[PDB]
Every structure is written in structure tokens, then in C-alpha cells.
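Colleague: Sequence first, structure after; it's an experimental one.
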Amino acid sequence: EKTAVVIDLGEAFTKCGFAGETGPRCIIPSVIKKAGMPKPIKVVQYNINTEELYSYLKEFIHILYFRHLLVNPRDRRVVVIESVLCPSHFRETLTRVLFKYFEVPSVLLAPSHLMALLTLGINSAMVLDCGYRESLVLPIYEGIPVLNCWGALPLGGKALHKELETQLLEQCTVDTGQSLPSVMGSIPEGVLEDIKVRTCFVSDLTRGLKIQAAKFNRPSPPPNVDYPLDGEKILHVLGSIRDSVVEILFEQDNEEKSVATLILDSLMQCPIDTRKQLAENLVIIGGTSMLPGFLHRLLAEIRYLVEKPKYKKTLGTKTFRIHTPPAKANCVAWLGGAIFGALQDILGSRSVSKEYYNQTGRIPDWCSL
Amino acid sequence: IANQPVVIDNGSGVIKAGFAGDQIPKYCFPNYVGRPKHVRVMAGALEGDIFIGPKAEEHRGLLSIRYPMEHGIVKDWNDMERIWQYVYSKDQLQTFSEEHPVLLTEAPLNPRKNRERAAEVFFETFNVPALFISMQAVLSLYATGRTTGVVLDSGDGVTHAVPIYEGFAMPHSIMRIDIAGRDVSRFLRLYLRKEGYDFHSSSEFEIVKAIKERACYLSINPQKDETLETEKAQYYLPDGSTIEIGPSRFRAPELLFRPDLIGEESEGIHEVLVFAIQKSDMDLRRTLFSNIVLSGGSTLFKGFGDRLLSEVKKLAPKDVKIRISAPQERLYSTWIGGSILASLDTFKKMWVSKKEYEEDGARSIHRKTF
Amino acid sequence: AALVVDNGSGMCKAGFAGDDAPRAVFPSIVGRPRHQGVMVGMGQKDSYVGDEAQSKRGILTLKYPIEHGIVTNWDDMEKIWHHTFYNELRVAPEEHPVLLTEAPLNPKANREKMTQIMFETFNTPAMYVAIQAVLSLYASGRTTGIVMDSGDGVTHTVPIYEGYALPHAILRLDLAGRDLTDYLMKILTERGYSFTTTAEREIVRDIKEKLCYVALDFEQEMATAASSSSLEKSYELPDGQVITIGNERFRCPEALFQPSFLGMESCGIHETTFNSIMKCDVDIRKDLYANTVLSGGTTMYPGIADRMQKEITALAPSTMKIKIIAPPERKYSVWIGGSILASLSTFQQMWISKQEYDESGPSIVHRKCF
Ligand SMILES: Nc1ncnc2c1ncn2[C@@H]1O[C@H](COP(=O)(O)OP(=O)(O)OP(=O)(O)O)[C@@H](O)[C@H]1O
Ligand SMILES: Nc1ncnc2c1ncn2[C@@H]1O[C@H](COP(=O)(O)OP(=O)(O)O)[C@@H](O)[C@H]1O
Ligand SMILES: Nc1ncnc2c1ncn2[C@@H]1O[C@H](COP(=O)(O)OP(=O)(O)O)[C@@H](O)[C@H]1O
């Protein structure tokens, strides 16, 4: 029996592979390959031209197949993993590509949070997706997502890159061969990603409080290492910015809207029965979730906001506990879609057939008719 | 002591005020408290951290807005004290709180704690000599000048039908759903994320409210607008950009008629009016269907009356005359009728003096107004 | 080898004949989930019935199929019967005769469609429909007395003297447990705890089943509850939230004795029993005042026999021996009586065979019901 190609997009890195395969075969970024392109334009973009996205998706999915899948898009099923709240135009463009240029047997625009829940095997939890563009919370109860309870914040990987760019541009101590600030008006994203993973890290809760005291009248941890850069443009990172980058990620700014506060907000809109079961089942997926100390500071921030006199009288004493998925947090949703794609029993009837799309054109989405 | 009575028409979205006899409330503004995003450490920015109305609308991208009233229930009493004080301040009335009579409005079935705390404020902080916490449906009947009628108001947080037949309010025929304008804006933002644009702030949410108030039509058949392609009427953002809204402008007001599509359990506006009439007596339904009084700001959608006529024709029995009376002053019918009621001479027995409130307290309020 | 199924408007007490306690005890509820465009995956059912819907109650919408003893949805009731037979008792209904319990003064369509379903859908060989009060009298070990049954959707009184019924002195009142649940829900909303959706109705009825008792002197108890506060007890929701209820405890079952709180314009249960006694013959009223039997789940309130005895004592003459019989097993009196009846040596001629339904049809139930 045929397999199922599980395609997962993303603004930063796309994930793809086969069905049943533990872990995807390749994780290629959302960049392109074209002549005369000094900076490869991302494939996953919104509020832009229609035909341009059609061509971008054609070439990207084409090179994705022919470079990391080694199979013709006609012999096996395709389960396109897309997170919920994705723009309808983007989904329609994906459907047009997969049914007008590749002609796959059946696509399946399955949600991300639901399959992330499928990885653990349990049927109900609270899923915090720390994606690239925005953060996303979607409570799932008995396999059904509580869609009216949602939460988004532009504090994903993009906000971390914006923070690192501005802050490193300020204390730009690029040695000669001593300061040399603003040598270049803008720095790329690859060096910024390397600074995030290899040098930046998540602080502690007490350390975060010390940073809060350091905001206005001291940064207690000072470790730093001079990050190199090609062309002998060696810069020097600071021992406090490696803390401040995560501090803006866990900042509130008198609006009570942090990454950890979003889970409590969605828990507040959830019904009374679902409360303790979502507290007893917490799942943290996403790419930003792979930072050292992120889960510890995250859980500490949750429990620190529990006794807050604004959310305590409705939540109170709860048993918060984070699950450990059998895959990496950056690629959990793909493994859920892989286990779902490896289920050839009802997927032939659950997914959208090719014949129905060619003779109908209507795409199923949570909208009337 | 006696002066001109003030009708402080509260509400979940637009707190309205003005003296009695006035046919237009000269001091209306959205009900919220403005505080800047970054916590102030010094001056040189939005000073005082307290913006309401015009000074609140002075800046949008530099404020964190906190609503004080949600679903007709006051969550932050301090914020409501500051908004009431803003009404008595140098920019809204420039009068004295301990001199003028004050009328007050409240949605039905509200908790007693709200009324008790509200009278504690209006009898301890602002020692008003006359306080009468009236309702929000009876006032619309006074504004329209009609005896019978089914008041279907729709503010920002509460939509409730109270069928009053010739001055007799039937309490067991009251249907009350906690869905209105604020939730319409929330699910409108949810649909806007499907369109492509995103909003993540309270002031940004008020920008979404402006998007809602400009273009949101209710077709009789939303599937017809779904099959066809809308022309995507643009909207010039207050920031300076433009947004092609699309189908979300009509998919969002479907909430008030089909809340089961999103995932919330309620009956809808059409079923609120229908079940409110069905809970009444058998001899009054024929007259209550022909006497429907609209109110509130959420009843200001293009094609609202037509779709409501179609849905009531679906639920009500055949050959029954229906008259959905839609006045022009729906956004101020509660305040206008409150002014008419407060201007009456029999209205003197309705309020409670300061000494009278000090006699018993909570029980004095609940006994004299009910 | 007979099956005794007690289908009320709330629980569905089912089990085998001859047994003391029934096997199946579950809330007769069906529920469809929140139909959204999103999917679920890895399987789930289409409509949860019984404890399935009771545990997964956080997202599904509770829809009772029986309203005031009237089966309002035959497909949902058919789902509950299929769940009962093939899942709670784990035995097909073709190998056994069944015994159903309907309320008195029940519209004939229910009594006939019930038989049509039990024969055409399940292919049962014999089915009998008995009045719940008669079975309560069987389980009470008496052949003389009046049964004041009170379910969640119906409440009736049936006087039976020396095994003979009085079909004209049978009263019926729709003021039962579900109306009490709605009243408690409204007053809990009045104290500041909004229990809006149907999923919250199970929590408010749990509050009713745990902390609600019948006050002896309602005015004295209400005055002391407004005076003191020791009567105010606490309770925990499924969440970590904790509430406190002061009046609600004793003011919740007060509607049973005072229907004016719900606008029913009727008589309380005590005077309903009194009128049901007065409609009998003057020579057999002593036995009815002595053998007054309470049954059903709505009579499980702590301290209710004292209220019934005091009210009837005030109504009945001074030379009468007012005696209230309230067994601790009155929550299953209908089922126990069904067990006794089904296991009798005489009842075999009282069935309705399959060929009898094949010949006559649905009209044989009225000539064979009672
Ligand atoms: N301890 C209790 N105190 C007060 N009310 C209770 C208690 N236990 C159960 N109830 C109420 O009694 C009702 C139970 O209904 P019941 O057991 O009478 O079944 P039913 O479906 O009404 O059928 P039937 O009337 O034939 O038994 C429920 O509405 C419940 O709220
Ligand atoms: N090994 C890693 N350690 C820490 N952060 C990582 C790691 N790998 C990726 N990331 C972060 O994850 C983000 C990618 O998230 P992604 O899954 O692409 O979001 P989306 O849900 O939009 O696809 C990047 O911005 C990067 O900063
Ligand atoms: N023209 C309009 N179009 C769409 N929505 C409106 C319009 N006018 C008002 N609204 C909505 O109705 C609300 C105002 O209703 P109102 O009766 O003033 O509420 P309240 O009684 O709580 O003050 C606003 O919050 C707004 O969301």
C-alpha cells in the first residue's frame, strides 16, 4: 500500500517527509532559489499577489518533491499540515497548486494543534504554539478544538529577531582590523538566527525579576562571548542582552499580555468543566520553544501568574504539568500529521478528494456553506 | 435640595449622559479607560495614565485600553468611579455631584452586588441626593411613547427581550444572552485573521470596532454572498493604510443569528425575541408580535430588520402581523426615555434620598425601586 | 426474565426483574458536539448518551429527549433505549418482555408511539406501560394510599384505595425538578454566578441535589438567613472555584410549595395532594391521610416530610391522623415497583404480546394500559 507525504509549511522552516516515519526526512527553510535574487523571498507570505504566490508555491513544492521526497506526486497521498487561522487565500492557492500542477490524489488541510495533540496520544490538552510569526493557543477537548477560545501575539521568532537587530545595532562594538557602529544599515537574518540559538538563552524567573529591577534603577548574569563574523568584522555581544532578548518575550507592559499569559487567557474563556483537564494536560509546541530554559521559566511564569489578583479568583490552585512529546518541540505537529497520514483507513474518506475539487472548487473551511 | 436630574445612561460600550429635558445627550463617549503601553517612569509622554473619551481618542497606538464593564457587570469599580468622575469633571458637565439628582441604568437580571456597590459609590463618594437605578427596556418604551411592545435592545455586551404589555413587565418572559457588539467585534477580528490582517491590542480592537461600525451588512441569505464574490470594499485605516475586508464583513454579524457556527451556545437575537414572546401568555402573543421595539447599537446593521423579519416569519405562526418598530434614536433611546421618565413629577417617589439610603442601605434600594 | 425500564424526564433507571436495585442508573441525556468546520481525528462518537455525555459535558450540548413526561424527540429517545438495551444491561430486548413507566394523564401519542417503537424497532415480544405512581405504591408495600410522585419534569398524585384507582381524582402538575433547577439557576445568577449554558445546568442541579433542603418555616428561615449567616454553606465546582449559597439552599425547593415564585398560577404540592384527597370519596379519606406515600427523586430533599405534614395538618381537619410515608429508597420506588409487578405470577396475562400489536396496532395500548 502507498504511503502519504506529510507536508508542513512555515514562514521560517518547512517540514516534510513520509507517513509513519518518526521525524521528517528533511527540514528545508521557506527560502527560494532564483537567479538575480540577493535575498530569497519567502514562500509563505500573506496579503500579496495571487499569481506570484501560485508560482512561488509551484516552484517551492516542486523543488521540495524533487529534492527531499524522490517521488512523483501521483502515487501517494498528501496531508498538508497548516495551522488554524491561516488565511483562506493562502489555502486556496495551495489547493490550486496541488490540483492544477501536481495533481495529487487527495489533500488534507489538517490543523496543527490537533495533530500535536495526537503525538501524545491523549484526547485533550492546551496547546501553545510558539511559531515564527505569532504565538498561538488553541485548547483541544476530546479531540475537538475550542475555536472560540484563541489567542495570538506578534511575539514569535520575528519579534526576537527585531529585538536582536535593534539592540545589537545600538551596542555595535565591531572591532577594527574599535567601536564602529552602524557600519551596515541592516544585518541579515541568518547571523541573527545563529545568535538566537548558539548564544541567546532563556533566563530564570528570579533573574527575570532582576532584569525588571534593571529596567529603571541591575543585570545580575554577565556571561558573554565575542561572536565572530566573516570579513574580520568581529562584533562583541553583551552579557545582558542574552537575557533582555527573552525578557521582551516574557514582558507584559501593563497590558497583561505575555506569552505565558495567553494560556491563562484562553483558559479563562474555556468552560468550567474543561479547566482542570486542560491544566492537567499542557503541551508546548513550536519552534521558539527550543530555547534553553524556556520551559522552566515558562512554567515558573505560569505559576507566578496563578496567584495574581486578577486570574486567581477564577483559577486558583491548579495542577499545571507539561507533557513531553516523543519528538522535538520544533517538529511535533509534523509527527502528528505523520501518524495521521499512516492511518490509511479513513483518510481516503476524511481528506478532500481530487475529483470533488475539480468538479466543485469549494474548499472545506469553518465558514457557512 | 433639588436641581436638574442627570441621566447617566451607563452601558457596556458607550456610557451616555446629559440633563433631563434635553432631547440629545451632549456628552457621549465610549466606555473605557486609557493607559499607555509602556509603564510611565517620568513625564514627556501620555501623563497621568488616565484617558477617557476625547483624550482617549487623541492617541490610539500609544494606549492600553481596559474596559470597566463587561456584559453589564462592573469588574473594575475603580475604573467606573473614574469614568463617573470624568462625567462630573471639567470636560463633561462641570457640575456638582452633591446637588443634582442622578438617574442610573442597568441591564436586567444583574447581580445584587453591582447595585449595592453602585449605590455605595453614589452615596459615599458622590453624595447624590437622588438615585434611582432604573432598567434599560422600560426607558426605550418611554422614549418611543408606547404602552405595549417587545423591547429588543442590543448594546455592546447584553441583548435582552422584555415584553411589556401596557406598563406591565413580565419578568418570567425575559430572555437574556450575553452576546452583543463586543463579541461581534471579537469574532470579526477572528474572521479578519482568516482574511489576512491581524490585530492584537485593545486600541487595535477598537480599530476593529470602527471597521465593524462602518461596513457590516446582514443579507437575508448569507450563502448567496458566499457563492458570489464580493467587490471587497476598501477601508482606510486610521494609521494611514487601507484594508480590503471582503466576506468577513457579512460573516461576522451572523453570530447574533447563528452562534452555533462558531462554537458558543445561545439562541440568537431572533430566537430571543421569539422565545420571549412564547414564554408570554396565549392572549398577548398576537399583540406582542405586532409591537417590536428595537434599541441598542448592535441593531444598526444593513439589512438587520429584513433578516429579522424573515427569521420571525420562520418561527412565528403564519398570518400574524409583525411590526419591528426601528426608531432612528436607537443609540440614545435608553437615555431619551430616561430623560422623559426623570422629567416627570411622579418620579420624585422613585428615587431615594441620602438619609433614606443611610436608614437601611442595600435593602432600601431593593425595596424602593422594586 | 423481564426487563424493567423507568424512563423519566431525568434519569433512566433500568435493570432486571426481581432485583432490588437497578443496574443502569444514568442521566437520560443525548448530546451533539459543537459542529464547526474543523475536524477531530482518531475517532469519536456522533452523539454521546448517558454517562458518556455526562463526562464529555464540557463541549457537547445537553438535550433532554423528554420534557414534562412528553417524549419530544423520538430519535433521541430511541438512541437512549438502544444504549440502555445493548450497552447498560448487555442483552437484546427480543429475548425478554419489557416494562415501561409513563406518567399519568400523559398524551396518548406518547403511550402509543412508545409501543410502536418497542415492537417495530426492537422486535420485543411483550411490553406493558404502567403508571409510575402505581409502581411506587407497589414498592411501598401497601394497597391503599395516595402517591405524591415528583420527578424532574412531572409531579402527580394518584390515589389508590384497596388496589383500585380513582382515575378522576388524579391530578398532575408540571412544576417539577427541572423547573426548580431553572429557578435555582436564575437566583444563582442573581447572586453573581452566571450559569448560562446547558452544561452549567448539571452543575446547578448538582448544587440542588447536595446543599438544598426544604425549610420548615420558610419566612422564619428566610429572616434568620438574612439575619445570621451560619446557614450559608460552601461548595466546589469541577474547577478549583468555590462558591457560597445562603438563601438558595432552602429557597430553591420553596417553589414546590409556593408556585407563585415561578408564575405558574397553581397550587403547591401539599395542596395538590390535599385536593387530590378531597376529590375522592368521603369514606376513604382517613386511609389516604394515613398512607400518604412520597416517591420520585424530587422528594429526596432533606426535611420535606415535616413540611408536607405541617401543611396538610393545617389543611386537613384536626381529627385526622396525618402521616407521611417517605422511605429512603424512594428514589427508585418506580423501578422497584416495576420489578415487583414484572415478577408477579398474575402479571403474565397483563402483557401485550407481539401478535396483539400485529392485529390491533397502537390502539391496543389504551385498552391494555391500566
Ligand atoms: N438528594 C437530592 N435532593 C434533592 N433533589 C434530588 C436529590 N437527588 C436527586 N434529586 C433530583 O431528583 C430528580 C431525579 O428524578 P427521578 O429520580 O425522579 O427520575 P425521573 O427521570 O424524574 O423519573 P421518575 O420520576 O420516574 O423517577 C433530579 O431532577 C434531581 O435533580
Ligand atoms: N534548535 C533550535 N533552537 C532554538 N530555536 C529554534 C531551533 N530551531 C528553530 N528555532 C526557532 O524556531 C523558529 C521556526 O519556527 P517555525 O516552526 O518555522 O514556525 P511556523 O509554525 O511558522 O513554521 C525560528 O524562528 C527559530 O528562531
Ligand atoms: N452604526 C453601528 N454599526 C455597527 N455597530 C454599532 C453601530 N453603533 C453602535 N454599534 C455597536 O453597539 C454598541 C453601542 O450600543 P449601546 O446600546 O450604546 O451599548 P451600551 O448600551 O452598552 O452603551 C457599540 O459598542 C458598537 O459596538
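Modeller: Arrived safely, thanks for sending. Numbering: from 1, shown residues only, chains lettered A, B, ... in the order given. Ligands and ions are numbered 1, 2, ... in the order given.
Colleague: Now chain A against chain C: closest residue?
Modeller: In chain A, the residue that lies nearest chain C is residue A:366 (2.9 Å; CB to the nearest CB). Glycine gets a C-beta too; all of them are placed from N, C-alpha and C.
Colleague: ok so that residue is a helix residue?
Modeller: No: using DSSP: H, G, I helix; E, B strand; the rest coil, the assignment for residue A:366 is coil, not a helix.
Colleague: what's around residue A:164, how many residues?
Modeller: For residue A:164, the count of nearby residues is 25 (other CB atoms under 10 Å in any protein chain shown).
Colleague: Return the residues in contact with it.
Modeller: Counting by CB atoms under 8 Å, 6 or more residues apart in numbering or on different chains, residue A:164 makes contact with A:192, A:195-196, A:200, A:241, A:245.
Colleague: Can you read off the backbone torsions of residue C:16?
Modeller: The phi/psi pair for residue C:16 (degrees, to the nearest 10) reads phi -90, psi 160.
Colleague: Next, find the distance separating it from chain B.
Modeller: According to CB to the nearest CB, to the nearest Å, residue C:16 stands 38 Å off from chain B.
Colleague: Where does the stretch 151-300 of chain C get nearest to ligand 3, residue-wise?
Modeller: Closest residue of the stretch 151-300 of chain C to ligand 3, CB to the nearest ligand atom: residue C:194 (17.2 Å).
Colleague: Which ones among the contacts of residue A:164 also lie next to ligand 3?
Modeller: Here nothing survives when the contacts of residue A:164 are matched to ligand 3 using CB under 6 Å from any ligand atom.
Colleague: any idea whether the residue of the stretch 151-300 of chain C closest to ligand 3 is helix, strand or coil?
Modeller: Judged by three-state DSSP, the three-state class of residue C:194 is coil.
Colleague: Hmm, it is touching residue B:176, no?
Modeller: No: using CB atoms under 8 Å, residue C:194 makes no contact with residue B:176, being 9.9 Å away.
Colleague: Contacts only, for residue B:148.
Modeller: Here residue B:148 is in contact with B:164-166, B:287-288, B:291 (CB under 8 Å, 6+ apart).
Colleague: Can you verify my assumption that residue C:212 contacts residue C:253?
Modeller: Yes: with contact defined as CB under 8 Å, residue C:212 reaches residue C:253; the gap is 5.9 Å.
Colleague: between those two, what contacts are shared?
Modeller: Both residue C:212 and residue C:253 are contacted by residue C:301, under the criterion CB under 8 Å, 6+ apart.
Colleague: follow-up on the earlier one: how much space between the residue of chain A closest to chain C and chain B?
Modeller: Going from residue A:366 to chain B by CB to the nearest CB gives 8 Å.
Colleague: OK, contacts around whichever residue of the stretch 51-200 of chain C sits closest to chain B?
Modeller: Closest to chain B within the stretch 51-200 of chain C is residue C:192: 3.8 Å, counting by CB to the nearest CB. Neighbour list for residue C:192: B:111-113 [criterion: CB under 8 Å, 6+ apart].
Colleague: neighbour count winner among residue C:212 and residue C:253?
Modeller: In terms of neighbours (other CB under 10 Å), residue C:253 is the more surrounded of residue C:212 and residue C:253; the figures are 27 against 20.
Colleague: Ligand 3 versus the residue nearest the centre of chain A, what's the distance?
Modeller: In chain A, the residue lying closest to the centroid (CA atoms, centre = their mean) is residue A:131, at 1.7 Å. Here the criterion is CB to the nearest ligand atom, to the nearest Å. By it, residue A:131 lies 31 Å from ligand 3.
Colleague: Assess the claim that that residue and residue A:286 are in contact.
Modeller: Yes: using CB under 8 Å, residue A:131 and residue A:286 qualify as a contacting pair, with a distance of 5.2 Å.
Colleague: which residues are in contact with both of these two?
Modeller: Common neighbours of residue A:131 and residue A:286 (criterion: CB under 8 Å, 6+ apart): residue A:156.
Colleague: hey, what's residue C:159 bridged with?
Modeller: Beta-bridge partners recorded for residue C:159 (DSSP bridges): residue C:146.
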